[PDB]
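Going down the list, the sequences are from chains A and B. Note that the first sequence covers residues 7 to 31, 39 to 103 in the authors' numbering. Note that the second sequence covers residues 8 to 34, 42 to 102 in the authors' numbering.
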Amino acid sequence: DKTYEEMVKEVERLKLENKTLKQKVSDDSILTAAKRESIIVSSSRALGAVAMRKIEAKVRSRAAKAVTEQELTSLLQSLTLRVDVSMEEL
Amino acid sequence: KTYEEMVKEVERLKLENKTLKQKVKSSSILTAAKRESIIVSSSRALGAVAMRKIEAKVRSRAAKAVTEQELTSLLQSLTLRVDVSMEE
């Protein structure tokens, strides 16, 4: 895969299937400072990607009415967007 | 045929839009690729902001998390509400 989304979706999918399998057989290690941080930087980036494309969509959607450089710049500046992001939206 | 119509609707509207843009010059107008460039630029900035607070919510939400399965369970469907304003 490539996109950050796909990879995080993939990695998490394997960690879940990896748990079930350990559940089938007590093999839950404590997180390491690096491990945790690594998981946080990834998840953030994946969720960031979802945030990116939703944002572009909405913006592109709400700026459509503008027809002038002034109007376009005016509309964008006044834009405030509420965005929902989920690990299950990858 | 619904798609074929849109395809025609697009061309039809593109013909109208242009003329409408022209009459407007007779009394500054944004060009196609021009808008695309400001929008992609503006959008990326807002993205970078959404990206900044998301890392903040995830890291914070990774608090009680001390084992790898606990964080796997937690990150399975974690959701965040995020607000981004050009004013930032």
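We put the CB at the ideal spot given by N, CA and C, even for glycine.
Closest in alpha carbon position to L89 (chain A), among A:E101, A:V98, A:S99, A:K71, is A:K71.
Contact fails between the segment 11-20 of chain B and the segment 65-80 of chain B, because fewer than three Cβ pairs, one in each stretch, are under 8 angstroms apart.
Under the 8 angstroms criterion on CB atoms, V14 (chain B) is classed as non-interfacial with respect to chain A.
In the DSSP annotation of this structure, the continuous segment of the beta strand (DSSP E) that includes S99 (chain B) starts and ends at 93-99.
The alpha carbon of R73 (chain A) has as its nearest neighbour, out of B:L85, B:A62, B:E16, B:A46, the alpha carbon of B:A46.
In the DSSP assignment, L44 (chain A) falls outside any alpha helix (DSSP H), carrying neither H nor E. By the rule that beta-carbons nearer than 8 angstroms mark a contact, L44 (chain A) touches chain B. Assignment of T86 (chain B) by DSSP, reduced to helix, strand and coil, places it in the helix class.
In the DSSP secondary-structure assignment, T81 (chain A) is bridged to B:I43. Within the segment 70-82 of chain B, those residues whose Cβ lies closer than 8 angstroms to any Cβ of chain A are, in chain order, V72, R73, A76, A79, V80, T81, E82. Three or more pairs of CB atoms, one per stretch, sit closer than 8 angstroms, so the segment 46-58 of chain A contacts the segment 78-92 of chain B. Of the other Cβ atoms in all chains shown, fewer than 16 fall within 10 Å of the Cβ of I43 (chain B); this residue is therefore exposed.
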